[PDB]
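This report concerns only the one structure given below.
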Protein chains: 2
Amino acid sequence: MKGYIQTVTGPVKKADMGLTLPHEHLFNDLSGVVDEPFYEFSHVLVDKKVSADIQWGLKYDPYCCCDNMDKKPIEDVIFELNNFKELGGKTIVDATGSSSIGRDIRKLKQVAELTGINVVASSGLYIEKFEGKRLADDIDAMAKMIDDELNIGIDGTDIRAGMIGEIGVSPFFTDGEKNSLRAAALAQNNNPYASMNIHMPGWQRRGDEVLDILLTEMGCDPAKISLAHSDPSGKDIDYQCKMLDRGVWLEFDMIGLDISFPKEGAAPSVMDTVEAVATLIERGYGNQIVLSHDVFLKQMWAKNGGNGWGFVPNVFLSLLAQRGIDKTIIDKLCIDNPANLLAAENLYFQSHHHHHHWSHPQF
Amino acid sequence: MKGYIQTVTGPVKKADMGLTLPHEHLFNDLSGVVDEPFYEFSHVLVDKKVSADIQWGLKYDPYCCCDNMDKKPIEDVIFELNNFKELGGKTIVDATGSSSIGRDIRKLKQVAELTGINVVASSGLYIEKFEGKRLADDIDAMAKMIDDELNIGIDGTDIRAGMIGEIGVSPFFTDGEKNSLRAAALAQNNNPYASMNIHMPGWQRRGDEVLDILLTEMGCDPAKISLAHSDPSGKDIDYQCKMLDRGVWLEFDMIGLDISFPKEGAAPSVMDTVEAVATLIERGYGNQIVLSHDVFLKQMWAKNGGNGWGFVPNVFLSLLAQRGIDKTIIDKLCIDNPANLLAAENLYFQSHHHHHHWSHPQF
Ligand SMILES: C[As](C)(=O)[O-]
Ligand SMILES: C[As](C)(=O)[O-]
Ligand SMILES: [Zn+2]
Ligand SMILES: [Zn+2]
Ligand SMILES: [Zn+2]
Ligand SMILES: [Zn+2]
């Protein structure tokens, strides 16, 4: 009841969220993991500024280009956000949950103030590749950290997160990643409105084991959990329906990504995802799907010839309409659905305890 | 013997062609067929100049944007060609064979002169949608027209074509298109070095019927025929090998096209085509394959965030290498192969007759 989201400038009621993008990165920095050029052609990309003129190459070796991986200037972010705002965009979630990937809580607030867009920050540890020994900390310590970022503030400020995530599950799903997942679950169970967004290894099928931890072991409300990067499993209808049947949200957050990675894998095409999402809706799962772009590289900005932040609401929803999906469902996909995921109250945990373990005797 | 290509500034020997792109459009104009906006989002594209900032939309509704479909300024073409030239590009074929699609022979010559790139012009009637009643002309009249453009000149100039094509076979393969194909065959059989490039409806499988006309009926040398737009049949290995077994070249000329059309169909991805081409090479058909971009819209220029004219030699060949294809074959794909297709002498017709019907009695 009384659902709301905690934004970087205060609470916003569920009914007021409007057109919402539940998984994006406004400010992130991958400077510590610039890869060596992978292909014969990549060397020329390494020291160049991202522009339309090098899309030809960045679409095949995004991670070798330093500028592509560097901090995001506020001027550029605001320019790109205006594309979303012009379409009636009202709310955006920055899923950069950790300092390990360059979370910038002060700039998130600045953007909210300048644009009037509802900006939601996140709290959550990413994959071990970035987090290292941070994932070996005590589960209760990790959970308290997330709880404090949701309720008190981030990095010494009074600016709070409103989502738990994106929680790192790598293709190796390490012991530390499993403990990070448990910590996120403990934090969620003490925060009745916080959704939890899981970074999944999208070219794998680790959903059942992740849900065995979150749902079976930790007892989380599946309706407050979303599986990020579901896009590359969109052809695997049996797997995706198996996950949906466990009650969680599937998030197709790579819509218009249009990049091939030298390892991980190549991103599904927009039309691939139109068909996957349309098919799930026809199977009756429309109320369990959310959509986003996962902007996280400069090459994804529209000013650089990428698809920017207007693509899902403007093009993807039109493509679904052409594919014969009912307008009533289309209108909910980017409004009602993310508002429910992000802001509806948890069915299992309706109290916040001024200690997550506030059920055990202090005496 | 003594193979060569007739360029817009004179003959170039086969061995001198270097890195060659066999199917591109430098100057074309589709202004007579701008489509109405197809989707709710398309309306905003219609009157805008093509830039990186509207790729998001042009990739789904390219034909509704007037500027995208308009004549190509020489400054823009030269800028884009410099990307090819920098990589060692030496020869490019403009497959705009007809006034119906805006062939500009004078600008082709200007570009050749300014850049030093070997530029080959084409002669050939396109699909009935554009050509109309021009395809109902006498087969001998159509053949003479092509013969004259190859040997004397185009549009009152002394600038000659060096390829027959791209010959229009539409998804309806009309009676006029069949006659246009026969005319092209008669012209080829009177021009011992001219290749013939067939515009195929690439999301169909009309190859056997087109080859029944060109090969069985008209008696053309299959080694001087290329089937354009083979890319969308790349998953159909049985069909593609059936065509190759008839002796013709398969041309994958949509590499890096990266556009979805509201009708025709969506373009195969680069990685799709990497796999199709790699598989054909492994099946032993590497010496029958040519590669190109089919630049024909402003959105395809690299300056606009498209892939430009450097993509095949720079990225596609690197992708084949990663896919495990031998360097010896890779080095031939964009050099030896297009030189053979475009410039090798016809095995069946080794004389040019100062009348294509120069075998029948004048008395
Ligand atoms: C920062 As990411 C590529 O896991 O959405
Ligand atoms: C001018 As075309 C799209 O048939 O290569
Ligand atoms: Zn992620
Ligand atoms: Zn993300
Ligand atoms: Zn064509
Ligand atoms: Zn063409």
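Proteins get letters first, then strands, A, B, ... in listed order; numbering begins at 1 in each. All ligand and atom numbering here is 1-based and tracks the order in the structure.
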Quick one, A:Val120 with A:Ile92, criterion side-chain contact (heavy atoms from CB on, under 4.5 Å). Give me CA distance, side-chain angles, the key distance, then yes/no. CA-CA 6 Å; A:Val120 175; A:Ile92 190 165; over 6 Å; no
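- Residue contact check for ligand 1: A:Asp294 places a non-hydrogen atom closer than 4.0 Å to it.
- The Zn ion (ligand 6) does not have B:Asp253 among its coordinating residues (no N/O/S atom, backbone or side chain, under 2.8 Å).
- Annotation for ligand 1: atoms under 4.0 Å from non-hydrogen atoms of A:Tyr126 are 1 (C), 2 (As), 4 (O).
- At a threshold of 2.8 Å, the Zn ion (ligand 6) has no backbone or side-chain N, O or S atom of B:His229 nearer than that distance.
- Minimum-distance N/O/S atom of B:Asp294 relative to the Zn ion (ligand 6): OD1.
- Every atom of ligand 1 is numbered from 1 in the order shown, and the set under 4.0 Å from a heavy atom of A:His229 is 4 (O), 5 (O).
- Outside the 6.0 Å centre-distance limit, the rings of A:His23 and A:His293 are not counted as a close aromatic pair.
- For A:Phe38 and A:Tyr63, the gap between ring centers reaches or exceeds 6.0 Å.
- Between B:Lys72 and B:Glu80 there is no salt bridge, since no side-chain nitrogen of the basic residue lies less than 4.0 Å from a carboxylate oxygen of the acidic one.
- Under the 4.5 Å side-chain criterion, counting only non-hydrogen atoms from C-beta, A:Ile259 is in contact with A:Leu297.
- When NE2 of A:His23 and OE2 of A:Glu166 are joined through the Zn ion (ligand 4), the resulting angle is 100° to the nearest 10°.
- Using a cutoff of 4.0 Å between basic side-chain nitrogens and carboxylate oxygens, A:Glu177 and A:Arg206 are not scored as salt-bridged.
- Per-residue contacts place A:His23 under 4.0 angstrom from the following atoms of ligand 1 (heavy atoms of the residue considered): 5 (O).
- Residue A:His25 approaches ligand 1 through these ligand atoms, each under 4.0 Å from one of its heavy atoms: 1 (C), 5 (O).
- From B:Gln240, atom CD reaches atom CD1 of B:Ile289 across 8.5 Å, with rounding to the nearest 0.5 Å.
- Of all atoms in ligand 1, numbered sequentially from 1 with element shown, those under 4.0 Å from a heavy atom of A:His199 are 4 (O).
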